[PDB]
Amino acid sequence: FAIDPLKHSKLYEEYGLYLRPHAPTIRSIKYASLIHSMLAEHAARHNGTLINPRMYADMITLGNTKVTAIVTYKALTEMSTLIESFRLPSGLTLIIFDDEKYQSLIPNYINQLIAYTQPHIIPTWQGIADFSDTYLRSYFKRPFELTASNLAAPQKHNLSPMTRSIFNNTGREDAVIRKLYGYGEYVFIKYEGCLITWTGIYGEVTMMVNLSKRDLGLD
Amino acid sequence: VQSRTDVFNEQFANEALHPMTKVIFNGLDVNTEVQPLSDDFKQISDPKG
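Cut-offs used in this document
- Within each chain the first residue of the written sequence is number 1 and the count goes on from 1 in that order, possibly differing from the entry; residues lacking coordinates are omitted.
- All chains are assigned letters beginning at A, and all ligands numbers beginning at 1, according to the order in which they are written.
- Remark: the chains included constitute part of a larger assembly, and values are reported for the included chains only.
- Side-chain numbers come from the whole structure's heavy atoms, not from hydrogens or water.
- Helix axes use the C-alpha atoms of the stretch in contact, all axes being lines fitted to C-alpha atoms, and the angles between their N-to-C directions lie in the range 0 to 180 degrees.
- Each helix is a run of H or I in the DSSP string that is no shorter than four residues. Each strand is a run of E no shorter than two, and both are numbered from the N terminus.
- With respect to orientation, any angle under 35 degrees is reported as roughly parallel, any angle over 145 as roughly antiparallel, any angle of 65 to 115 as roughly perpendicular, and every other angle as oblique.
- In what follows, residue pairs with any heavy atoms lying within 4.5 Å of each other are defined as contacts.
- Charged means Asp, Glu, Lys or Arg here, nonpolar means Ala, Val, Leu, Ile, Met, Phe, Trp, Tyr, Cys or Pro, and polar covers whatever is left, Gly included.
- In this analysis, rings of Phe, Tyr and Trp, with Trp reduced to its six-membered ring, are considered paired at centre separations within 6.5 Å, and the interplanar angle assigns stacked below 30 degrees, edge-to-face beyond 60, and tilted for intermediate values.
- We call a residue buried when its accessible area falls under 20% of the maximum for its residue type, exposed when it is over 50%, and partly exposed in between, using a 1.4 Å probe and counting protein chains only.
- Whether a charge sits over a ring comes down to the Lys NZ or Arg CZ being within 6 Å of the ring centre and within 35 degrees of the ring normal.
- Counted as a polar contact is a pair of N or O atoms within 3.5 Å, where, for protein atoms, one must be capable of donating a hydrogen and the other of accepting one, and residues adjacent in sequence contribute only when both atoms are in side chains.
- Picture the helix axis, draw a direction to every C-beta atom, and the arc is the one those directions span.
- With a 1 Å grid spanning the protein atoms alone, the term cavity applies to any set of points in which a 1.4 Å probe fits but cannot get out, the term pocket to an open set with protein on both sides within 12 Å along at least five of seven lines, and the term lining residue to any residue with an atom within 4 Å of a point.
- Grid points are joined across faces, edges and corners, and a volume is the space filled by probe spheres set on the points.
- Boundaries of every domain are those given by an automatic assignment or by a domain database.
- Just to be clear on terms, a salt bridge is a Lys or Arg side-chain nitrogen sitting within 4 Å of an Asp or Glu carboxyl oxygen.
- Note: buried area is the sum, over both parts, of the accessible area (probe 1.4 Å) each one loses when the two are combined.

- What the entry reports as its method is cryo-EM, with 3.20 Å given for the resolution.

Here is the structure:
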């Protein structure tokens, strides 16, 4: 990812995207966050901009350019022992997902790699970040909607607390649904606004407000 | 009952594409006029011998 989800996990918690508990992708998400501690140091060394980002971006993205006078090519040499350390058959890949909160929080050293990467872009529907894509679906917690039709058991729909999280769409209270229906140990995503689908003169119109369902009336 | 082209925000965008010129005119569209080829005769009313 652009921002690693184990040192900076709360931002993905704001989107409804909780980190899967600890395997070939559980091991790979620790491998990617190890690069960010290496990368961040390098763009300290010379403020900010890590130097030769082209041979940088042809290492993370592409299983490519093993390198071994020197001090110029020092940070490349320290890194080619770091990414050939863990055995991957291809690169790691980027994952900006197209959000002015998420795009603003990308650090400087990741953005300099974006010119030379062909990164993977995940299109936000309105926000939430919407859960396809072997990156976003094998790394952490493909969720489960919990509208007024799918009641009321975790054994019924064959969910598991290590794979699926639950999106409250009842209109009931939050605390009871993980009390009597058996959704304890099942962690719940927190959304603090709401989306309204109005009728219209022309058709269905979907607007959103950043107030919760309790803060205003109208239901 | 309008959907949705009667609102000027969508009507103004659908007139930059294929701009309408021709209107229904159930007559003859006069665009030019012709003068007589020779002003040859005077047109007095009560002649004098």
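Right, picking up where we left off after that structure.
1. Observations regarding the packing of helix α3 (residues 53-60) of chain A against helix α4 (residues 74-83) of chain A
All names here are of chain A.
Thinking step 1. Axis separation between α3 and α4 bottoms out at 11 Å; the angle between their running directions is 0°. Taken together, the axes of α3 and α4 lie roughly parallel to each other. Each of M55, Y56, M59 and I60 in α3 lies in contact with α4, whose residues at this interface are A75, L76, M79, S80 and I83.
Thinking step 2. Classifying every residue of the contact of α3 with α4 gives 8 nonpolar, 1 polar and no charged.

2. Brief notes about the packing of aromatic side chains
All names here are of chain A.
Thinking step 1. Inspection of every chain in the model, using the stated rule, returns 14 aromatic pairs over all chains.
Thinking step 2. On the basis of an interplanar angle of 35° and a centroid distance of 4.1 Å, the ring pair of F97 and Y102 is categorised as tilted. The burial state of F97 is the same as that of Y102; both residues are buried.
Thinking step 3. Measuring from ring centre to ring centre gives 5.8 Å for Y135 and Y139, while their planes differ by 80°; the resulting arrangement is edge-to-face.
Thinking step 4. Classification of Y135 as partly exposed rests on a relative accessible area of 22%.
Thinking step 5. A cation sits over an aromatic face here: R54 above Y116, 4.9 Å from the ring centre.
Thinking step 6. The side chain of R178 reaches across the aromatic face of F188, ending 5.8 Å from its centre.

3. Describing the side chain of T117 of chain A
Residues and elements named next belong to chain A.
Thinking step 1. Locating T117 in the fold gives a position in the loop between α6 (108-111) and α7 (134-138).
Thinking step 2. Here the side chain of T117 touches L113 through a polar contact of 2.3 Å, landing on its backbone oxygen.
Thinking step 3. Once residues lying within four places of it in the same chain are set aside, the contact partners of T117 are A57, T61 and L94.

4. Looking at α4 of chain A
Every α-helix carries 3.6 residues per turn, so stepping three or four residues along brings you back to the same face.
Residues and elements named next belong to chain A.
Thinking step 1. For α4, the full list of buried residues reads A75, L76, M79, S80, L82 and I83. The arc that holds every buried residue of α4, seen down its axis, measures 155°, which confines them to one face.
Thinking step 2. Contact partners of the buried residues in α4: α2 (26-45) and α3.

5. Observations concerning the layout of surface pockets
Residues and elements named next belong to chain A.
Thinking step 1. There is about 1800 Å³ of room inside the largest pocket.
Thinking step 2. Contributing to the lining of the largest pocket are 42 residues, with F167, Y191, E192, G193 and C194 lying nearest its centre.
Thinking step 3. When residues in the lining of the largest pocket are grouped by element, the largest group, 3 residues, is from strand β3 (residues 194-198).
Thinking step 4. Of the residues belonging to the lining of the largest pocket, the class tally is 17 nonpolar, 11 polar and 14 charged.
Thinking step 5. If you count residues domain by domain, the lining of the largest pocket takes at least three from each of domain 1 (1-140) and domain 2 (141-190).
Thinking step 6. Along the walls of the second largest pocket sit 25 residues, with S28, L92, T93, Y135 and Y139 positioned nearest its centre.
Thinking step 7. Take the lining of the second largest pocket: its biggest share by element is 7 residues, from α2.
Thinking step 8. Per-class residue counts for the lining of the second largest pocket are 17 nonpolar, 7 polar and 1 charged.

6. Focus on the pattern of salt bridges
All names here are of chain A.
Thinking step 1. Within this structure, the stated rule accounts for 1 salt bridge over all chains.
Thinking step 2. Put simply, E13 and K10 hold a salt bridge, and the shortest N to O gap is 4.0 Å. In this pair, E13 and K10 both sit in helix α1 (residues 9-14), 3 residues apart, roughly one turn of the helix.
Thinking step 3. Since its relative accessible area comes to 31%, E13 is described here as partly exposed.

7. So, the domain arrangement of chain A
Residues and elements named next belong to chain A.
Thinking step 1. Segmenting chain A into domains produces domain 1 (1-140) and domain 2 (141-190).
Thinking step 2. On the side of domain 2, 8 residues touch domain 1, which itself brings 10 residues to the contact.
Thinking step 3. Regarding the contact of domain 1 and domain 2, the summed buried area is about 870 Å², with carbon and sulfur atoms giving 60% of it.
Thinking step 4. Summed over the shared surface of domain 1 and domain 2, the result is 0 salt bridges.
Thinking step 5. Run the count over domain 1 and domain 2 and you get 1 residue pair in polar contact.
Thinking step 6. For the side of domain 1 that touches domain 2, the residue count by class is 7 nonpolar, 1 polar and 2 charged.

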